[PDB]
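The structure under discussion appears below in the form of structure tokens.
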Amino acid sequence: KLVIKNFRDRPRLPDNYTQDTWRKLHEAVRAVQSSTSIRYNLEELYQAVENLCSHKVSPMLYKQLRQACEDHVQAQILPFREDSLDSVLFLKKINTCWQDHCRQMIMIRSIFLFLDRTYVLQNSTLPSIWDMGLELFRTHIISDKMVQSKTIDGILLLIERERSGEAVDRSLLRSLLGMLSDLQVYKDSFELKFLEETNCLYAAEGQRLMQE
Amino acid sequence: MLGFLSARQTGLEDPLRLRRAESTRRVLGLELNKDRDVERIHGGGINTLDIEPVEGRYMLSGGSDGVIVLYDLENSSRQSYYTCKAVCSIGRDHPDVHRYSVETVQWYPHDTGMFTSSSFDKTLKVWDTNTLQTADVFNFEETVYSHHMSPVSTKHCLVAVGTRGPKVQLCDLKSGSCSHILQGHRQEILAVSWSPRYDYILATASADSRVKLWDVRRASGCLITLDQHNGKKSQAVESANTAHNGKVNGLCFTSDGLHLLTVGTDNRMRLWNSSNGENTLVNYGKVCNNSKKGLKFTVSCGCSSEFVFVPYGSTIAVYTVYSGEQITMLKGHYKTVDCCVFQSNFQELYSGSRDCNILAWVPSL
Amino acid sequence: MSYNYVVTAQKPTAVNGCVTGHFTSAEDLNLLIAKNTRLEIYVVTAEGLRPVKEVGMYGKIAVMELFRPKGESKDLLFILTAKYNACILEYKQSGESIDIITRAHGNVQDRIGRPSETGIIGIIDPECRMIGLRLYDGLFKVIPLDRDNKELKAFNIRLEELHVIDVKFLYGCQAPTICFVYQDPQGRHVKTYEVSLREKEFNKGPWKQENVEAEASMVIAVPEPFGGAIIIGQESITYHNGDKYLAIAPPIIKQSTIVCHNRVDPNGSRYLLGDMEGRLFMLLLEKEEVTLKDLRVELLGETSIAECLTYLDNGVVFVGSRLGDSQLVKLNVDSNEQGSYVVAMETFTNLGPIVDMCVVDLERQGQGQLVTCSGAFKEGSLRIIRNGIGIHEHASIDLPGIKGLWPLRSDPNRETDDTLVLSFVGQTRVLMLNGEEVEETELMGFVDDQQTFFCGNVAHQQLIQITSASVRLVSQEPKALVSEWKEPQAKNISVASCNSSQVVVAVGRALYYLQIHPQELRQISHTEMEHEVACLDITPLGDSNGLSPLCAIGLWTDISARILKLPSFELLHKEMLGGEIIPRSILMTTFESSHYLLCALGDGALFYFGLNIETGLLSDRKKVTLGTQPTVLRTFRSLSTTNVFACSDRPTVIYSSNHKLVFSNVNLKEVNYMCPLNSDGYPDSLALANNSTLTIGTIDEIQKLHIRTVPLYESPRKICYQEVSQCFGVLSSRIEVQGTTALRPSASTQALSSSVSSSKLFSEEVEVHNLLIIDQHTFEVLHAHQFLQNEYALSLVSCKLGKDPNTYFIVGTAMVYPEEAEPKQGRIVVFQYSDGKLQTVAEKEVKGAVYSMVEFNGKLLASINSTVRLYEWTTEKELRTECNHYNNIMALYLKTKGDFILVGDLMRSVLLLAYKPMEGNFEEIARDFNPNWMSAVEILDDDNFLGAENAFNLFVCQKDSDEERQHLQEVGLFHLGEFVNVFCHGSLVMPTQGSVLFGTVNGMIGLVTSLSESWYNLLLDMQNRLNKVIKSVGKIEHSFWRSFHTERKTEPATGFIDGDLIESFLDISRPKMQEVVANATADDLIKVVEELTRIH
């Protein structure tokens, strides 16, 4: 282990690199969320994330990413807080508001792949940028009582239609029940009500059909 | 004993050291076991025992009433206490049972499938362990005190048979020919024994106080005629070279085969050199015997100092072979002991007596 | 019938015999070393040693001595395998080929006989007429040599003395004279005889017997000028010649018995002596004209615990040690200021007697990492074995923030790389390699103030630099620019991959393929790829003169690997990798003329496709996960072949063994980047870089075991890893002499904190046991807890019992007193480690020694002397009995799988004790009724209980299928050739179901695994064929060498495959491979044996 030191160490690597570089991604994160085409280019953004991970600013960079997604998901609840919509149309509204969060939050992962796997993966306390997305969506949108109410009452009301012989949007149901399962609120919120309601209907149908 | 375990663990002492030291410790602590029993099946006394050479599992026994039990010493049960159940038996109801006392039962060496026996009915029968049927029977003109098969010979399968005539008989378990005889003794031949080391060296003890080693290949007498005083009282061999003062009725080569222990009715043991018949003057004190037939005794194997277990009256005596010290005196029987056989695998001793018992001695702790 | 595979991961490293003499040729000076089975020949050059051969004898080499008959130009060699195979080896070199030809071989085993107490003693007449062996007590086997014995027809000469301590041939007697020390009830008596071949019997000795010391335990036949024999002992060194008698009782040698001797001078004027304590004396004989005047013993100094030492020349004495490291010391003519004339020159690592070991996944990888408690009294130490392609780190540098490495031939004339180009975030630094000295220079033409994506030598004696702004071409002399291709619209370059004559840069979506021409970068073509380019490579392949007709690319949005023909950028092939993770580094490379396109995703997953260079058709899509962080595939050359180094958090090398890629861990915490740095000061090195440092060191040509060493200076006994506390629990056992004082500073005396066990239960030299707590990063003993006076800690297990969450160190001790033979009083202490403190949580006095313990479904399962009682951890926190079991001789070893318990009795050899939970009592499912003295026992499967007895054997008990079902059946039998101390499930690598490492007393670390019956039959046929083909060293039939051997039993090996014999199939030339595969093709079987070699 013959250590060597026979060097001259003149330079300084970053000028004002972390503050300016984050503002580059911050626009890119903002542009990605609003589906606007990215003025800057991913490789510059990815390599920018790479360099910021060298300066050990991964924790602060992780937090400042959260404020970006935190402050966009909340911007999406307010249209759903307007009750000028019926149940069926609403489900497509929230479902699209979930599919977009998946498409977007995949993109924000691709740019931030280095941060996601170097820093966050080792920090077992923190969740990945993906599960980060579900947590934001769950608490700030789906955990809304009015949205949760008019949502689960949505899915339930279609199944009751489906049970009575109607044709319903199976794809829409699959996404929502996929949406709830990913957010993990499927079991607590929807499974109990669905089993509860299902018990009633077939119990009513059973006694009804017996004498008929 | 943890010291031995650590020494073996760190490679200091060879594993041989712990093995032999522990075997010696177990044999020194030998005691009768009420945590083990052997089923009573013989009407009369037990004259002989021979644990099988390989695997040390089965165990024959020649009762004085002609019944050849075949025990099984493996604790097939689950409890700490068990009894060695008798697997088979050549009962009196058997068509070919021995009419009188069976005094030697020996396993056919290198083949547990067969075993041999011989009785005062002047017969030596080759028994098949599986079907219990006489493969070959040799009828002699006179009784058969003791017989022995070479435990080392892979070449021949002769069987020295010491009848109460003066002539040692050699019976061949291959194509039958008891013609070969070894002349030179003067009275009955109470105990014979092949050499565990050399194929063709047979040591025969008689009742005229002579122990002779025969090279059965040689057909012109015996190699050696053992003499008490190593030739000090030199006299030509016509009435001299007597290995005892009375009948000599027991032989047992040491395990290595380098020394021929002899016990006789003059109440002494003597550790004779097996290559030139020179008494090595090991004292052994006074050993009591008065039997008038083959006295069986065996010598330990796989122990630091070789022990010898000689029936001593109604007790088993444990002497150290090469020093003559008396280790102890196992004491559990009600009549004279006729045969003790050492279970080399676990340092256990089975000693049939004249009181129909077969007491299994085992170490303590 | 069970089926198993036994292979030797670590070859034995204990030296049980070493001789010196002219074995290779007349003028040589060899130093043969008889490791347990290995025979490592050496040559004593002026410095160190020059190993010349290493042949594995099919035997435990018990006797080794060099003798030179009359007419032989160079010394022959006589070897006596512990199974009593005797062979007269002769060295014979034919150019490159080295063959240990066997002059004469034979077996010298007597069918019946007590193996001698002191062990095999084999000696040779100094005039070389006979070889005297004393195998069995009472007999003295003599081998003639005057006749030409091609079978070594020995003849037994009877001995009238039954306990011979040591025997040596005397010097200068007209008749071959032995001079031995034997013990008879009156004491010990030296004696002599005149062996005589014509008579085949001894005769009267040249000088009659004499009385010797009560512990005279050795003989030294002094050479011709003096004659006679010296006789060492506990307290005296008596010299005898029949009429002369010079006896002294030096005070220094009283301390510890002398065990090994050697002759320094050919006239025997001076003698070396080493003792158990480790001292190194020097016996000096003073001569008169000749006769002998007086004897003197001088303490040269200290060395390892010398089992067998030899004098080579110039004070270079090789202290071969079974317990410690086989040192190699220099005898200074004058003192070293410490009164020690001995200064350790070299050292050979020796995994000494492995008392016990534990496999731990230290560093949280997927890699097993053994931790053995090798060594003994003074040489006790921890060895940390971890196999791999380790980094012999030559030079480490502190340089945080490195982001790329490249080598540069900054001087066109020079062949080797004299300059290394780092690259940091937003800048670049050039490093100049001028010898081992390394200084930073300035390469004019390279912009320092930009990050670099590539820079290296290219065609036409020119460099190149591809910053984030502009590809730059620099004239290598006088180092000034000649061309600067820039993006036409002034955008940053995102990717770049250059080679000797081609540069392709992907700016965002658009490519630009430049062809380097002399002082001219000519943009041949370009294109606009659909989605943003992720990574790409143009590495040359085939035999094109640095003109790669392919340019593999990976793209961002539609995650996919492609191959674009050059210069037209025609899409020959596309391949959807799949997943949501983009490719990050894509590499085109050749492996034994088999092309591959290794593409590594950004999640750590790696793909390799079989590339067709002409048509670019990816086939054989395979995936391998090598890590988690994004990978960086950099090529490098090692020993005339090109490998691939996958820099990640788990640095992995990729190389192709027999047309099959092998992914091997590199023993390093992290490697961000790399570059093959072939410098003058570091030829054929790798400049491995990480977050904080820059390292250099040649990579292992072949991977190997790497053995750290943590000296304790006190013999360890047991080890356990307590993960939650992050520390090992080691039961050291140091020696004290007197009160009591320590003979040397041991780890137990050098711990950060300590404590003496104040226990009220119970109310020369001794052992003062301890329970060390070793930090599992620094390997610094955190806490050393001393046990009671006269207490032996035999067992140690780390577990959490009952329902409480705490994890406890549990030690089962046993009080020892000299008067008794087996211990009576013991206790089971339950320690807890917390906050750098070791508290006693419980205590449970028992009625015997606690030999072995194993946590059993949260219930402690002790083993008091002859009983196996299953304690229970009560909520009150005191162990409470549940059920006992008394049907044992002495239960020493316990191993568990589920609820079954395997008890290794001292001599009944197994007991498949099963715990019936519905009833709360043990039930003996089965037993094996053979008298196999055990050493360690382990469980493989539901019905495969491996066991290792003390006669150097292995056996496999198989639960059969009435009462005969209670008999465990021995199905496997195999004469391992070592004393197995410990088993432990695991492996050292991330086909063979199961894997059971096991230590030995010689240092061997084998590895037992199960096999399918099909491969068992195949490999058994292979083994028989190889035996028929390969010629062994001593012509020892392999079936005999592995025959399960014990003094009372001998059976052929079955249900076991000798792993080393199969692995030898790799190292046999092709024609003999074809012979071995005379009746399936050779390459298939090479592949099979490779799949087997992968396990260890």
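For the structure tokens, the naming scheme is as follows: chains receive sequential letters (A, B, ...) according to their order of presentation, residues are indexed from 1 within each chain, and ligands are indexed from 1 in presentation order.
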
Inset, instruction - Show which residues sit within 7 Å of residue 357 in chain B, as a PyMOL selection string. Count only C-alpha atoms, and ignore same-chain residues fewer than 4 positions away. - result: chain B and resi 40+352-353

Return as a tab-separated table the residues of chain C lying at most 7 Å from chain A, together with the closest atom-to-atom pair for each and the distance in Å to one decimal, counting only C-alpha atoms, with rows in chain order and ascending residue number.
```
residue	atom	partner	partner_atom	distance
C:393	CA	A:1	CA	5.9
C:394	CA	A:1	CA	5.4
C:395	CA	A:2	CA	4.6
C:396	CA	A:3	CA	4.9
C:397	CA	A:4	CA	5.7
C:401	CA	A:54	CA	6.4
C:425	CA	A:13	CA	6.0
C:426	CA	A:13	CA	6.2
C:427	CA	A:13	CA	6.6
C:438	CA	A:6	CA	6.3
C:439	CA	A:7	CA	5.3
C:440	CA	A:7	CA	5.7
C:494	CA	A:43	CA	6.1
C:508	CA	A:41	CA	6.5
C:628	CA	A:117	CA	6.8
C:629	CA	A:117	CA	5.7
```

Please provide as an mmCIF file with C-alpha atoms, in the first residue's frame all residues within 7 Å of residue 496 in chain C, with the sequence filter that same-chain residues fewer than 6 positions apart are discarded (counting only C-alpha atoms).
```cif
data_model
loop_
_atom_site.group_PDB
_atom_site.id
_atom_site.type_symbol
_atom_site.label_atom_id
_atom_site.label_comp_id
_atom_site.auth_asym_id
_atom_site.auth_seq_id
_atom_site.Cartn_x
_atom_site.Cartn_y
_atom_site.Cartn_z
ATOM 1 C CA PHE C 453 -15.676 11.781 -22.183
ATOM 2 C CA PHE C 454 -12.698 10.119 -23.877
ATOM 3 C CA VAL C 504 -18.776 8.690 -33.208
ATOM 4 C CA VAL C 505 -20.354 11.391 -31.050
ATOM 5 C CA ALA C 506 -24.072 11.461 -30.272
#
```

Inset, instruction - Quick one: everything within 12 Å of residue 247 in chain B, counting only C-alpha atoms, minus sequence neighbours fewer than 5 positions away in the same chain. Send it as JSON, numbers by chain. - result: {"B": [186, 187, 188, 189, 190, 191, 205, 206, 207, 208, 209, 210, 211, 242, 262, 263, 264, 265, 266, 267, 268, 289, 290, 291, 292, 293, 294, 295]}

Inset, instruction - Would you give me, as a VMD selection string, the residues of chain B that come within 8 Å of chain C, using only C-alpha atoms? - result: chain B and resid 1 to 2 9 to 11 15 to 17 19 54 to 55 74 76 to 80 196 to 197 255 to 258 302 323 345 to 346 365

Residues from last step as file, C-alpha atoms, as a PDB file, in the first residue's frame:
```
ATOM      1  CA  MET B   1     -10.375 -35.313  29.581  1.00  0.00           C
ATOM      2  CA  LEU B   2     -11.017 -31.901  28.030  1.00  0.00           C
ATOM      3  CA  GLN B   9      -8.420 -30.367  18.186  1.00  0.00           C
ATOM      4  CA  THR B  10      -5.243 -28.320  17.688  1.00  0.00           C
ATOM      5  CA  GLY B  11      -3.382 -31.271  16.177  1.00  0.00           C
ATOM      6  CA  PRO B  15      -6.022 -38.677  17.365  1.00  0.00           C
ATOM      7  CA  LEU B  16      -4.585 -42.084  18.216  1.00  0.00           C
ATOM      8  CA  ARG B  17      -3.575 -40.660  21.592  1.00  0.00           C
ATOM      9  CA  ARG B  19      -8.543 -42.878  21.209  1.00  0.00           C
ATOM     10  CA  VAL B  54     -16.408 -57.879  11.887  1.00  0.00           C
ATOM     11  CA  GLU B  55     -18.940 -55.282  13.135  1.00  0.00           C
ATOM     12  CA  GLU B  74     -27.278 -53.867  19.445  1.00  0.00           C
ATOM     13  CA  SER B  76     -32.538 -51.865  18.947  1.00  0.00           C
ATOM     14  CA  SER B  77     -34.918 -50.393  21.552  1.00  0.00           C
ATOM     15  CA  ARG B  78     -35.234 -46.723  22.531  1.00  0.00           C
ATOM     16  CA  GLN B  79     -34.791 -46.927  26.305  1.00  0.00           C
ATOM     17  CA  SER B  80     -31.494 -46.611  28.132  1.00  0.00           C
ATOM     18  CA  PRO B 196      -3.087 -64.066  14.745  1.00  0.00           C
ATOM     19  CA  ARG B 197       0.044 -62.862  12.908  1.00  0.00           C
ATOM     20  CA  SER B 255      -3.545 -58.923  19.913  1.00  0.00           C
ATOM     21  CA  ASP B 256      -0.345 -58.097  18.035  1.00  0.00           C
ATOM     22  CA  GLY B 257       0.530 -61.800  17.921  1.00  0.00           C
ATOM     23  CA  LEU B 258       3.962 -61.246  19.472  1.00  0.00           C
ATOM     24  CA  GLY B 302      -7.077 -50.800  20.952  1.00  0.00           C
ATOM     25  CA  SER B 323       3.636 -55.455  33.648  1.00  0.00           C
ATOM     26  CA  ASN B 345     -15.563 -51.850  19.568  1.00  0.00           C
ATOM     27  CA  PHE B 346     -16.940 -50.348  22.797  1.00  0.00           C
ATOM     28  CA  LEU B 365     -19.854 -42.878  33.168  1.00  0.00           C
TER      29      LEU B 365
END
```

Inset, instruction - Find the residues near residue 179 in chain A: any atom within 9 Å, counting only C-alpha atoms, skip ones fewer than 6 places away on the same chain, and give them as a count of residues only. - result: 5

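With CA of residue 462 in chain C on one side and CA of residue 417 in chain C on the other, the separation reads 14.0 Å.
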
Would you list the contacts of residue 182 in chain A as a PDB file with N, CA and C atoms, in the first residue's frame, taking every protein, DNA or RNA residue within 12 Å and counting only C-alpha atoms, but skipping same-chain residues closer than 6 positions in sequence?
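What ended up in selection-v2.pdb:
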```pdb
ATOM      1  N   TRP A  98     -54.268   9.527 -12.599  1.00  0.00           N
ATOM      2  CA  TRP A  98     -53.325   8.524 -12.127  1.00  0.00           C
ATOM      3  C   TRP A  98     -52.416   8.012 -13.228  1.00  0.00           C
ATOM      4  N   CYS A 102     -48.249   8.165 -13.459  1.00  0.00           N
ATOM      5  CA  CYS A 102     -47.352   7.054 -13.752  1.00  0.00           C
ATOM      6  C   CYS A 102     -46.443   7.380 -14.928  1.00  0.00           C
ATOM      7  N   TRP A 130     -39.903   6.114  -7.188  1.00  0.00           N
ATOM      8  CA  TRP A 130     -41.181   5.565  -7.619  1.00  0.00           C
ATOM      9  C   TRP A 130     -42.176   5.540  -6.469  1.00  0.00           C
ATOM     10  N   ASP A 131     -41.864   4.791  -5.409  1.00  0.00           N
ATOM     11  CA  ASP A 131     -42.755   4.738  -4.255  1.00  0.00           C
ATOM     12  C   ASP A 131     -42.993   6.122  -3.680  1.00  0.00           C
ATOM     13  N   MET A 132     -42.020   7.016  -3.829  1.00  0.00           N
ATOM     14  CA  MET A 132     -42.237   8.417  -3.504  1.00  0.00           C
ATOM     15  C   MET A 132     -43.440   8.967  -4.248  1.00  0.00           C
ATOM     16  N   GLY A 133     -43.572   8.621  -5.527  1.00  0.00           N
ATOM     17  CA  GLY A 133     -44.705   9.104  -6.294  1.00  0.00           C
ATOM     18  C   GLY A 133     -46.029   8.585  -5.769  1.00  0.00           C
ATOM     19  N   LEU A 134     -46.093   7.289  -5.460  1.00  0.00           N
ATOM     20  CA  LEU A 134     -47.333   6.726  -4.941  1.00  0.00           C
ATOM     21  C   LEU A 134     -47.698   7.356  -3.606  1.00  0.00           C
ATOM     22  N   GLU A 135     -46.706   7.581  -2.742  1.00  0.00           N
ATOM     23  CA  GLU A 135     -46.984   8.205  -1.455  1.00  0.00           C
ATOM     24  C   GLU A 135     -47.577   9.594  -1.640  1.00  0.00           C
ATOM     25  N   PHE A 137     -49.210  10.702  -4.297  1.00  0.00           N
ATOM     26  CA  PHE A 137     -50.540  10.567  -4.876  1.00  0.00           C
ATOM     27  C   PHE A 137     -51.536  10.059  -3.846  1.00  0.00           C
ATOM     28  N   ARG A 138     -51.124   9.098  -3.022  1.00  0.00           N
ATOM     29  CA  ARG A 138     -52.041   8.508  -2.056  1.00  0.00           C
ATOM     30  C   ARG A 138     -52.527   9.543  -1.052  1.00  0.00           C
ATOM     31  N   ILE A 142     -55.677  10.612  -3.335  1.00  0.00           N
ATOM     32  CA  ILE A 142     -56.604   9.515  -3.080  1.00  0.00           C
ATOM     33  C   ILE A 142     -57.048   9.508  -1.628  1.00  0.00           C
ATOM     34  N   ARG A 174     -59.849  -1.956 -14.183  1.00  0.00           N
ATOM     35  CA  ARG A 174     -58.560  -2.596 -13.968  1.00  0.00           C
ATOM     36  C   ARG A 174     -57.505  -1.581 -13.556  1.00  0.00           C
ATOM     37  N   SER A 175     -57.548  -0.383 -14.140  1.00  0.00           N
ATOM     38  CA  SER A 175     -56.571   0.638 -13.786  1.00  0.00           C
ATOM     39  C   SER A 175     -56.788   1.136 -12.363  1.00  0.00           C
ATOM     40  N   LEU A 176     -58.039   1.427 -12.000  1.00  0.00           N
ATOM     41  CA  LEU A 176     -58.321   1.922 -10.655  1.00  0.00           C
ATOM     42  C   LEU A 176     -57.973   0.880  -9.605  1.00  0.00           C
TER      43      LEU A 176
END
```

Inset, instruction - Might you pull out every residue within 12 Å of residue 172 in chain A, with only C-alpha atoms counted and same-chain residues fewer than 2 positions away left off, and present them as a PyMOL selection string? - result: chain A and resi 88-96+98-99+154-155+158-159+168-170+174-179

Inset, instruction - Quick one: pick out all strand (DSSP E) residues within range 631-841 of chain C from a backbone DSSP run and write them as a count of residues only. - result: 108

Inset, instruction - Work out how far CA of residue 4 in chain C is from CA of residue 957 in chain C, in Å to one decimal. - result: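 Pair CA of residue 957 in chain C / CA of residue 4 in chain C returns 12.1 Å.
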